[PDB]
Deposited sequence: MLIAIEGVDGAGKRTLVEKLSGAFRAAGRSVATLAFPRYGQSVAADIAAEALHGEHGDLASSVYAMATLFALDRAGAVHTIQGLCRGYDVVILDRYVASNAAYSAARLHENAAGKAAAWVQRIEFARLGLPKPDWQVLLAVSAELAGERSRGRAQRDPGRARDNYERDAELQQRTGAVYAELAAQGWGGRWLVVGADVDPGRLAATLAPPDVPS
């Protein structure tokens, strides 16, 4: 089973990944995780990060260029993902293909049913061969709550996410809070 954990930055994804992993193991299943972007593991991911820090000229000014960088990063992890999927019962990804769909649309002031989100599916899932996640778990957080733990882009990204999940973008979604009961979540995703 392939599970993607999605949400805005500061939503609490890294932590929810561990908890959900802990719950699945307690239930007698093996679990491997992988996080994106794979900083330090792929040039695409490292250039994207740098671009976001004001490097590489006008690269960051292009929504589709940034999106492509994050996709090329995932493309280079296909062999890894396929490996984890053959060895472990559950593979949990800290951010996946929907992160590109959500942030790209938000930067373009589009919505989940827009072109950028449609484009992400055609590119990553079919052309690059990234496995479509069985479950996409949205750790939804309001703009207000996120602030506590780029606001406008972040807020709009949160909105695209809420809609992506409601529309079953790329598959079945589940919305949860950071406090969600690990054991109940694992049982629901079994």
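Asker: Comparing the deposited sequence with the modelled residues, which stretches have no C-alpha coordinates?
Answerer: In the chain as deposited, 150 to 167, 209 to 214 carry no coordinates.
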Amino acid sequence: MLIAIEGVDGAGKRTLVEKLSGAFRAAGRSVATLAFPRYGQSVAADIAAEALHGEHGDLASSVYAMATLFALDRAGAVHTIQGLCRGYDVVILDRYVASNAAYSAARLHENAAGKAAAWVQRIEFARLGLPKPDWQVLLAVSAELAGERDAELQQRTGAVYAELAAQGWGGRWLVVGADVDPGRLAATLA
From here on, numbers count along this sequence of modelled residues.
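Only the largest set of C-alpha atoms that superpose within 1.5 Å between the two forms is called the rigid core.
Asker: If you line up the core and then measure how far each C-alpha sits from this form in 8 other deposited structures of this protein, which stretch comes out higher, 7 to 15 or 167 to 175?
Answerer: Looking at 7 to 15 versus 167 to 175 in 8 other deposited structures of this protein, the farther one turns out to be 7 to 15.
Asker: Name the stretch, 49 to 57 or 133 to 141, whose C-alpha atoms sit farther from the shown form on average in 8 other deposited structures of this protein, taking the rigid core as the superposition reference.
Answerer: Looking at 133 to 141 and 49 to 57 in 8 other deposited structures of this protein, the bigger mover is 49 to 57.
Asker: Check the entry's C-alpha temperature factors for 84 to 92 and 107 to 115, then say which stretch has the higher mean.
Answerer: Comparing 84 to 92 with 107 to 115, the higher average CA B-factor belongs to 107 to 115.
Asker: Regarding 41 to 49 and 62 to 70, which shows the higher C-alpha temperature factor on average in the entry?
Answerer: Looking at the record's C-alpha B-factors, the answer is 41 to 49.
Asker: Split the chain's modelled residues into thirds by Cα B-factor; is residue 34 in the lowest, middle or highest one?
Answerer: According to the entry, residue 34 has a C-alpha B-factor in the chain's middle third.
Asker: Which third, lowest, middle or highest, does the CA B-factor of residue 17 fall in along this chain?
Answerer: Tercile = middle for this residue's CA B-factor.
Asker: Where does the C-alpha B-factor of residue 133 rank in its chain, lowest, middle or highest third?
Answerer: Its C-alpha B-factor, which the entry lists for residue 133, ranks in the middle third among residues of this chain.
Asker: Relative to the other modelled residues of the same chain, rank the CA B-factor of residue 154 and answer lowest, middle or highest third.
Answerer: As the PDB entry reports it, the C-alpha B-factor of residue 154 lands in the highest third of its chain.
Asker: What third of its chain's C-alpha B-factors does residue 11 belong to: lowest, middle or highest?
Answerer: Residue 11: CA B-factor falls in the highest third of its chain.
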